[PDB]
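Two forms, one chain: they're shown below as structure tokens, one block per form, named structure 1 and structure 2.
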Structure 1
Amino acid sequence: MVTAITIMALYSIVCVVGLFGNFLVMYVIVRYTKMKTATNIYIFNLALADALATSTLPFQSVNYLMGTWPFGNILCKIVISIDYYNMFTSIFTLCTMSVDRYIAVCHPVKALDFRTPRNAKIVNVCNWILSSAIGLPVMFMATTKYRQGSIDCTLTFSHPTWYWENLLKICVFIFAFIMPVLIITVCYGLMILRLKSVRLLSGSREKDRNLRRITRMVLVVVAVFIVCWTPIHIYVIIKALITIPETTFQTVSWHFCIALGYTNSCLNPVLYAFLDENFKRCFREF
């Protein structure tokens, strides 16, 4: 009862804080006119995907104690789909945010042309469609089984069940790092080279400070996401090919890494609370 209700305390804490922080972020972004910016649509999408991830934690909370998934088939399909929407959209929104910040900093004349909040909505819908094209086949082939002891959710790979599994693992790893992490590294490598030698960016000192603070905030959020999500990805690949044996520390490390990956959704509203002054003022006044 000690470690058990401890773990349920962690579930309740993480789910409540993530849902409250992301709901407050959406509330302050939509209810204020001064928050409608080209880089607050991206944050809204980010705190949409984070709340989508966090909303599935109570179902795991119920599934841990009883040992059986008691909600049926449709909800199981939805949860398994929501995991892959969480991972893919959370990694693509950061990449598109960094490319936006690149356009803003190193191409001011062009970025003045096409950075309206009308463009950000179309980029968000295109990103979400591109993610959903891959995240829907996961809901195609996710079902509740009938195990020996208790019924559990699982991905049932259809014909050979050895080839498609490794295909999905390699595809997720290759895409959801090597495209966005390489794009983000190149974009920020160019941004720093511009920001080092520039006296002023937009001709006014206030515009300089407002243009540098947002870039620092976006870089801190990208670094937090990468540090939270790298160990589970590398550890999934190492379990895939290295064939690690069964050890008393290995399972606990695995469940730590997965817990860190879920815990990353909680942190971002807290970072936005004291990395942006306008967010802090809107949180306090509201």
Structure 2
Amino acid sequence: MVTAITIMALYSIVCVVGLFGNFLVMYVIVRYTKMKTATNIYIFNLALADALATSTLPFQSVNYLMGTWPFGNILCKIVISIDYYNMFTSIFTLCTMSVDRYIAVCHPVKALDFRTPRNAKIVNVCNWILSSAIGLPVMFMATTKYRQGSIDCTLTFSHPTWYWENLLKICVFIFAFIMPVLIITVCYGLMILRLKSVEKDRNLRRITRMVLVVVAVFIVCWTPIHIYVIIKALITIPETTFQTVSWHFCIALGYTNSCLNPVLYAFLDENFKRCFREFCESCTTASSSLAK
């Protein structure tokens, strides 16, 4: 009906935009520039993580419209693990890129030796391993129940539900919302004050606008969902059309950040722009005599 198809359309368009942008940036990175810098590896990793995180939108969407999970238990566990693992991977890759740029600008002398592409590969591998500490346990608790009338995909707790589910909720709130935004804002603030501590004025204003828009899009996309999850956990809420459009809209914005990350980190890089444009005289020093 009118109020039950807008959510489906929003999820579908967000998903298709995210996959299109992520696939474009992956192909351009792997084929043209060929990953010969630390930054290229960072955006490639972000693209992979965001594509993997956003690929679960069709599953959740068809779970919503059918009101059940028709895939099965194995796909239930796979989708849960993928969603959690890749959301942490995306946010943590954002954090690593922020600290890398902070080290590059505030400590260029240390960046001359701390930005070796081998070091970047090590950092990304460490990030993917560190994000696994939630990706495997959720796969170890993602069996499905035959709910009366539904086969819904949910998370299982064999221990007190109200304790461990809230523990996981608060752990995701603290290790995926407040510490990452703190890292990003501290790094970018230190960068902007270092830049302002000194044609150059226009470039500095552009850099300030870029870092501000990155911080703003992150803190606009990721806070509504966490705030509303906390509110829902605290106090029960009646179910209405406004309720069922807002709950979903928050998730849509949360994946909007996943789409916007490629739209910002890649499509504005100078080398990436040159490669995208591709896809779409000096004399020598000699000598002369000098009579005495």
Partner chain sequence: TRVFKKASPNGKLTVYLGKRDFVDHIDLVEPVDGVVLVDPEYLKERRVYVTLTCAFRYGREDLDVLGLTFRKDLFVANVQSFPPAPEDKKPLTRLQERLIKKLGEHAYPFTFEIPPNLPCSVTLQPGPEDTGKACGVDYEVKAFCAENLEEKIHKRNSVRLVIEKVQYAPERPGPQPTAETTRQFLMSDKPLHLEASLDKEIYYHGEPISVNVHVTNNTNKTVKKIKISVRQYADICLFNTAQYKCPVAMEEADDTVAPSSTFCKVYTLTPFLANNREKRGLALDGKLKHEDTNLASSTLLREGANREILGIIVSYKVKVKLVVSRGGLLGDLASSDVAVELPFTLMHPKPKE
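Think of the rigid core as the biggest set of C-alphas that the two forms share within 1.5 Å after superposition. Numbering for residues begins at 1 and runs along the sequence of structure 1.
J.: May I ask which of the two structures is the form deposited with its partner chain bound?
T.: The chain shown as structure 2 is the form deposited with its partner chain bound.
J.: Comparing between structure 1 and structure 2 on the rigid core, is the C-alpha shift at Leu52 2 Å or larger?
T.: For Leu52, whose C-alpha is compared between structure 1 and structure 2 after core superposition, the shift is less than 2 Å.
J.: Given a core-based superposition, decide whether the C-alpha of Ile244 shifts by 2 Å or more between structure 1 and structure 2.
T.: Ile244 C-alpha, core-superposed: shift of 2 Å or more.
J.: Honestly, after the rigid core fit, is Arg212 moving at least 2 Å at Cα between structure 1 and structure 2?
T.: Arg212: C-alpha displaced by 2 Å or more between structure 1 and structure 2.
J.: Look at the Cα of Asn264 between structure 1 and structure 2 with the rigid core superposed and state its shift in Å.
T.: Its alpha carbon moves by 3.3 Å.
J.: Quick one: how many Å does the C-alpha of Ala273 shift between structure 1 and structure 2 once the rigid core is superposed?
T.: In the core superposition between structure 1 and structure 2, the C-alpha of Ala273 moves 6.2 Å.
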